[PDB]
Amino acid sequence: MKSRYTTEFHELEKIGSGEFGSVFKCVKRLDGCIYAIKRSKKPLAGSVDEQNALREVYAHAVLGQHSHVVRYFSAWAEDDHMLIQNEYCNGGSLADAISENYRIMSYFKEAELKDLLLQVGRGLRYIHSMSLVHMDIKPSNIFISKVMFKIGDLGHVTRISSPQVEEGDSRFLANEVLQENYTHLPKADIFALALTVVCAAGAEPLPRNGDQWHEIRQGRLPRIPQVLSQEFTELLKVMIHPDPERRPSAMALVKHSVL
């Protein structure tokens, strides 16, 4: 053996795990810097799963110049593994910040929600300008590094006009995508970003299915435990409109008067 991973990096700790492998905080020996490295089992060459694994790499290889998307450094294969070395964000995930806030009953305030929405919105405007869509926006895929929010986990990225898509987290999924209608994919990322902001505003954990799931898809915002300006609430509402054409594009969101 004597892995590139082992020889080039000192592994500090495990920071994420899934049915997609694990992510480790590592120090690169030569440059002294800390990176996040995802190490996953290598798919059978030529398989659909390998195509999917490589999309992640290809998406990272083209989305590496934006301040609101986690930067990519390198990727390689060794052993029975594929590895991707990305920028490390020392503030943890948005999900973890929201979970801590939940317990302490002190949520993101309106100014902070607007900042989150604008920052990730800029990240989305960049991804969408590249004719790509993220397809899995949610708090556990947004990382924190003035606070800076960055979109990570490009494992569901695909081209905007793709006839096949892999569905992102059910809790943030727009109905049209579930219905296999891929005519306005970028608006699916907008819908998930609004629900992401709702979670940051202190809402109860989102439904995975059932009656409350359908209600949100009818364009009804979940209850938020704080008073928000009507103008801001209306923007979140239009972002989950049942008609994807009514939702703002990422460009329109970033230029929105409310922000």
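In case it trips you up, residue 1 is the first one in the sequence shown, and so on. Rigid core (definition): largest C-alpha set, two forms, superposition within 1.5 Å.
- Greater C-alpha displacement in 9 other deposited structures of this protein (rigid core superposition, RMS over structures and residues), of 198-206 versus 55-63: 55-63.
- Here 33-41 and 187-195 are scored by the root mean square distance of their C-alpha atoms in 9 other deposited structures of this protein, with each structure fitted by the rigid core; the higher score goes to 33-41.
- Gap between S145 and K146: 10 or more deposited residues without coordinates.
- Set 27-35 against 41-49 and average the Cα temperature factors; 41-49 ends up higher.
- In this entry, 17-25 shows the higher mean Cα temperature factor of the pair 17-25 and 246-254.
- Of all the options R159, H81, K187, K138, the entry's greatest CA B-factor is assigned to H81.
- When the modelled residues of the chain are ordered by C-alpha B-factor, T7 sits in the middle third.
- In the PDB entry, a CA B factor belonging to the highest third of its chain's modelled residues is recorded for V165.
- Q218 sits in the highest third of its chain by CA B factor, as recorded in the PDB entry.
- Split the chain's modelled residues into thirds by C-alpha temperature factor. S131 is in the middle one.
- In the PDB entry, a CA B factor belonging to the middle third of its chain's modelled residues is recorded for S93.
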